[PDB]
Trainee: 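Take this structure first; my questions come after.
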Amino acid sequence: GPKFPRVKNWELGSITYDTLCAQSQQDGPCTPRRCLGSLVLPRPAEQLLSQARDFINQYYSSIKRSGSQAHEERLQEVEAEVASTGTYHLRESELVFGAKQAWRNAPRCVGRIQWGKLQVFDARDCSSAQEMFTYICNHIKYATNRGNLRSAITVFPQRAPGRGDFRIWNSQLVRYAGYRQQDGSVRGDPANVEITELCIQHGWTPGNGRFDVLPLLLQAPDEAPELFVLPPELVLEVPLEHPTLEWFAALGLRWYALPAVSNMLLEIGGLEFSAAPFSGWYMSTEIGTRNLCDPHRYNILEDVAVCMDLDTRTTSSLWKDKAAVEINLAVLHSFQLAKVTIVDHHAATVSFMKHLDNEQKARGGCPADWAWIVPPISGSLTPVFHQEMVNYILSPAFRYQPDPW
Amino acid sequence: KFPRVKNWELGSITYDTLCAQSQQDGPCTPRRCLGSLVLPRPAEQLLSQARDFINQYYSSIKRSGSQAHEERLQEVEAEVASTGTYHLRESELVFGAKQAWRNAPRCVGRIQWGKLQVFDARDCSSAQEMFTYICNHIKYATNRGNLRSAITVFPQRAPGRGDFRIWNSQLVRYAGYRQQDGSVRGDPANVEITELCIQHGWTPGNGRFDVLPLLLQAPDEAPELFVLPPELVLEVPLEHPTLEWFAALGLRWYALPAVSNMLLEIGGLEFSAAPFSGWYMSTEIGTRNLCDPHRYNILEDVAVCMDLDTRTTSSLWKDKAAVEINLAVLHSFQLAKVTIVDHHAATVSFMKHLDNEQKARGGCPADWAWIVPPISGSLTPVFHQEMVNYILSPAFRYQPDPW
Ligand code: HEM
Ligand code: HEM
Ligand SMILES: N=C(Nc1cccc(CO[C@@H](CN)COCc2cccc(/N=C(/N)c3cccs3)c2)c1)c1cccs1
Ligand SMILES: N=C(Nc1cccc(CO[C@@H](CN)COCc2cccc(/N=C(/N)c3cccs3)c2)c1)c1cccs1
Ligand SMILES: C[C@H](O)[C@H](O)[C@H]1CNc2nc(N)[nH]c(=O)c2N1
Ligand SMILES: C[C@H](O)[C@H](O)[C@H]1CNc2nc(N)[nH]c(=O)c2N1
Ligand SMILES: [Zn+2]
């Protein structure tokens, strides 16, 4: 057979071979002796030039001008700029291409069918924390679009020799406060205790509710971060109700419309964009299963099961499973009523299978992280459960980066 | 450099040092992770595996370095050097079978690993004799519904000849009859073995739940057909605690999960027929066997009976029917007093096993994709647990189909 990984779908009996993994220049955490695929956190001079050349070759292939004179001239341009300055700069169209390719390359993203549809806001002229705030408000307005959500990324200036980084300190643009209590419990979102306490240390007067929207801590090169409160009318939220269980609304639960990740590094051609927040829309299990039911998050499973009058004293009643299903249904029904874009985990995984087929023909494979792609409820009820996946790192890439404090 | 292993729910960390004892490569390389793949793509070698195993055994009985230990190593060496192979003592076999189960990265039920009845069937010389041993295993393991884990070990592979083999993938399998119009009646997973049975002279049924005969093979002989006596195969009719129409679906499952096509490897010796059995985790039946689209595929039928909106994915009709089916399985097994474990209890016990193994051995090989159950993944503690997958020996392994 072919000397490439053989990939099988066990539902359909079909086979493909991944030839794209051959383009991986970056090693993951696995070896012949042990598989570390389940680990969440996995572990320039002429080094820049080779990454830059590779990226420029990718750009010129995507516009089908590979080997051309415009291609050879751009390469020369890039080496001359690196030769004299130690760094280089992307053309506008190269940035747009690179940002889409970073998304298309993200092995943990189930929403990649959408990858070609991304509004890239070029904010590489930004020179203050105040201006970052203006750019971020504009992004939120555009992406929210009164509930008809639109994928977007805003790109701030790249890391530069000596000079400090542009950083957004918050992990997302919208986050609920988590307030550590006297008894050691948490009011609000326990995921956000640290960022909440940083906001207070930097002068934010804290609230005391379960769904208090945090301010943003924004850092321009070589300055302490500055605190910015989002105007409330800019942050679209959806109160949660259930279509048949009338008491569910009385629980006072809610979630924000716009998932906007702000702490990842965008790498393109060896250039590093340390502030490049990106947004799309939610898959309903992110809110209904993880955010609301993780024991270390809002942890509402027992409260909902009690309201549903389930037997919470024994595992074999399946009280957890029944409650989780209703909470996910409430999320879907409430977003739908509110006319805010959301996708259920069946529709999302079906579209991801279509994406895998598109990419098989386009590039000879698709890097995918099975543990992350399979949804956290109803795993084998979705087609992705039955699909083998090959995980590898391609650049352009979204990467984790250390916290700025 | 050893792997740092994190639990994300609790924030706790351990370090796997056991993985350094692995001698067999898995599918992954630094370039690409192949962890989600279901299947894998001389005398001095045997001697080193033999020694390492004999060393494991004597260490387990705390007699590591005794004259009994040195003499046994000499026996193994003398036998390999003269004949190119050797034979296990019954007590070593018992230790090796338990160790293979303990080492199985895909097994969520390993809290039980020390509790395994081992039937030595190495004095078997005919398919006829294999059938008698298999019947006694079933009878013992079933135990009127009070299920007991067991393994029966038939004669090892030998350089000269064909293997002892059980052709069926489990001791209990429902037939799948392929229609002229492509479709399947019964279990679509068993179409191929069904056809093999018919071709070897079995008079087929035409039901959805027809229990298959066994195809048993002695070395270099055609396999022989053996019908299991109906009273040996305990089955559970499926009903629902509150939905009365559910019983009307005529659904049922067998009590005893007994895997019969894996190879047991101990000290470099290979046991090509070594069927093993325990009890079911309820999602195996309620989620996979009954709801996989390529298995009995009953989700739509159940959803319709529940009057659910089948027109749209966002009604979560599939999720709702699946939960009720898993509940019907749990309820019916409990009613019939047949051992079963739900996915919550099983995964909680596996967390305890991880902790026991950390203290005992400094790690535990586990395959996250197989450990996390197929419904309600993140509702179980194993979802939030990082896991390191690697191959230790003694081991259970896949082998080629004998046809
Ligand atoms: C269009 C709608 C989209 C949907 C429904 C979606 C869905 C998801 C989901 C469910 C995850 C896993 C999140 C988690 O478990 O916390 C994810 C991961 C990710 N997605 Fe998306 N996605 C979308 C658009 C985007 C966009 C626009 C980008 C960036 C341009 C993006 C890049 C990512 C990245 C980088 C990750 C991985 C995060 C990590 O490794 O920690 N996706 N996607
Ligand atoms: C005592 C009750 C037991 C329970 C509840 C249990 C549970 C499970 C489950 C749910 C699986 C995954 C099955 C699938 O998805 O098809 C599994 C895999 C496995 N278990 Fe167990 N187990 C038990 C006892 C045993 C015993 C007695 C052995 C052998 C002595 C064993 C060895 C294995 C092996 C080798 C696999 C992997 C099969 C493969 O890789 O294809 N387990 N276990
Ligand atoms: N942040 C760190 N570690 C870390 C700590 C806790 C959790 C994690 C894992 O990150 C995920 C949180 N559990 C991030 O998930 C948020 C997310 C990401 C991507 C898409 C998401 N959902 C969407 N639907 C979209 C967001 C944007 C476009 S689509 C949500 C990582 C590190 C610091 C230094 C090195 S790593
Ligand atoms: N036939 C092959 N292997 C193969 C083919 C298709 C699927 C598979 C995967 O096997 C699993 C079926 N999906 C086996 O699952 C049955 C099983 C295994 C272990 C435990 C099980 N459940 C229990 N509760 C127990 C059974 C025994 C004790 S506990 C069930 C393996 C090969 C082809 C080429 C080389 S090998
Ligand atoms: C240990 C494990 O890797 C971890 O809990 C993963 C599992 N799969 C996931 N899948 C997604 N989409 N998001 C996650 O946060 C996780 N968490
Ligand atoms: C492709 C994927 O690895 C495959 O569907 C696996 C996933 N996890 C599983 N987990 C268990 N316990 N049993 C299985 O058969 C599978 N199948
Ligand atoms: Zn791996």
Side-chain angles (χ1 to χ4, degrees), chain B residues 117-121 124-155 164-177 185-218 221-238 250-262 272-280 284-285 289 295-296 332-333 336-340 401-403:
Chain B
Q117 181 58 44
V118 175
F119 297 111
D120 181 357
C124 188
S125 70
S126 71
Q128 247 304 326
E129 292 179 352
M130 293 178 68
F131 185 59
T132 306
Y133 277 111
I134 283 161
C135 284
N136 292 330
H137 180 125
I138 293 171
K139 178 273 178 204
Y140 176 89
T142 305
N143 183 218
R144 297 168 38 157
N146 191 189
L147 276 36
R148 294 181 283 200
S149 303
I151 187 169
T152 293
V153 187
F154 292 106
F164 287 84
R165 290 292 306 262
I166 299 160
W167 281 33
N168 311 55
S169 70
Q170 293 184 27
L171 299 183
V172 191
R173 298 269 71 196
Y174 296 130
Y177 307 112
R185 177 158 188 81
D187 193 341
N190 305 323
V191 166
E192 178 170 43
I193 185 72
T194 297
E195 279 159 7
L196 283 165
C197 287
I198 298 176
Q199 172 206 130
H200 282 92
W202 179 58
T203 304
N206 61 335
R208 288 190 78 193
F209 295 104
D210 298 347
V211 176
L212 286 166
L214 302 175
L215 274 166
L216 302 181
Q217 184 178 38
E221 291 287 13
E224 293 173 33
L225 202 70
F226 299 90
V227 183
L228 293 166
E231 68 272 30
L232 273 168
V233 184
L234 179 65
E235 290 187 86
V236 180
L238 303 186
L251 264 12
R252 68 212 281 106
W253 207 259
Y254 52 92
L256 192 68
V259 169
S260 53
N261 61 182
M262 297 187 86
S272 63
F276 59 88
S277 65
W279 53 80
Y280 266 119
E284 295 184 75
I285 307 172
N289 298 352
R295 295 296 297 290
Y296 282 83
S332 311
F333 273 67
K337 323 290 185 56
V338 174
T339 306
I340 197 153
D401 286 325
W403 56 91

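Letters A, B, ... mirror the listed sequences (proteins, then strands); counts begin at 1.
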Trainee: Taking the side chain from B:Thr194 and the backbone from B:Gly176, do they hold a donor-acceptor pair closer than 3.5 Å?
Mentor: yes

Trainee: Would you give the length of the straight line joining atom OG of B:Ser126 to atom CZ of B:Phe131, rounded to the nearest 0.5 angstrom?
Mentor: 12.0 Å

Trainee: Let me see the working for B:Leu251 and B:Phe209 under side-chain contact (heavy atoms from CB on, under 4.5 Å), right down to the final yes or no.
Mentor: CA-CA 8 Å; B:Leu251 264 12; B:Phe209 295 104; 4.0 Å; yes

Trainee: Working to the nearest 0.5 angstrom, can you tell me the gap between B:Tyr133 OH and B:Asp120 CG?
Mentor: 7.0 Å

Trainee: Could you tell me whether the side chain of B:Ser277 reaches within less than 4.5 Å of the side chain of B:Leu171, counting heavy atoms only?
Mentor: no

Trainee: Kindly indicate, with the supporting measurements, whether the criterion side-chain contact (heavy atoms from CB on, under 4.5 Å) is fulfilled by B:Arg165 and B:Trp403.
Mentor: CA-CA 11 Å; B:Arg165 290 292 306 262; B:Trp403 56 91; over 6 Å; no

Trainee: State yes or no: are the ring centers of B:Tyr140 and B:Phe119 separated by less than 6.0 Å?
Mentor: yes

Trainee: What are the two closest non-hydrogen atoms of B:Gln217 and B:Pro402, and how far apart are they?
Mentor: OE1-CB, 4.0 Å

Trainee: To the nearest 0.5 Å, tell me how far B:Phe333 CZ sits from B:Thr339 OG1.
Mentor: 9.5 Å

Trainee: Which of these, B:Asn190, B:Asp210, B:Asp187, B:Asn206, sits in a side-chain hydrogen bond (donor to acceptor under 3.5 Å, both in side chains) with B:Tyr177?
Mentor: B:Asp210

Trainee: Set out, in order, the CA-CA distance, both residues' side-chain angles and the distance that settles side-chain contact (heavy atoms from CB on, under 4.5 Å) for B:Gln128 and B:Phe226, then state yes or no.
Mentor: CA-CA 8 Å; B:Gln128 247 304 326; B:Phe226 299 90; 3.4 Å; yes

Trainee: For residues B:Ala127 and B:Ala218, report the shortest heavy-atom separation together with the two atoms involved.
Mentor: N-CB, 4.0 Å

Trainee: To the nearest 0.5 Å, what is the distance between CG (B:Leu215) and NE2 (B:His200)?
Mentor: 6.0 Å

Trainee: CZ/B:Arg144 to CG/B:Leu234 distance, rounded to the nearest 0.5 angstrom?
Mentor: 11.0 Å

Trainee: How close do B:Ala273 and B:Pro275 get, heavy atom to heavy atom, and via which atoms?
Mentor: C-CD, 3.8 Å

Trainee: Can you tell me how far apart CD (B:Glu284) and CH2 (B:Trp279) are? Round to the nearest 0.5 Å.
Mentor: 12.5 Å

Trainee: Tell me the closest heavy-atom pair linking B:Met262 and B:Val259, and the distance in Å.
Mentor: CG-CG1, 3.9 Å

Trainee: Taking only residues two or more places apart in sequence or in another chain, which ones pass side-chain contact (heavy atoms from CB on, under 4.5 Å) with B:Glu221?
Mentor: none

Trainee: Do B:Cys135 and B:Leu232 have side-chain heavy atoms sitting under 4.5 Å apart?
Mentor: yes

Trainee: Compare every heavy atom of B:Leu256 with every heavy atom of B:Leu147, then report the nearest pair and how far apart it is.
Mentor: CG-CD1, 4.3 Å

Trainee: What heavy-atom pair brings B:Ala336 and B:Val236 nearest, and what distance separates the two atoms?
Mentor: CB-CG1, 4.2 Å

Trainee: Would you say that B:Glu235 contacts B:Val211 through its side chain, given a criterion of any heavy-atom pair below 4.5 Å between the two side chains?
Mentor: yes

Trainee: Walk me through it: do B:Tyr280 and B:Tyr254 pass the test ring-ring contact (aromatic ring centres under 6.0 Å, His included)?
Mentor: CA-CA 10 Å; B:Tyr280 266 119; B:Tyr254 52 92; 5.8 Å; yes

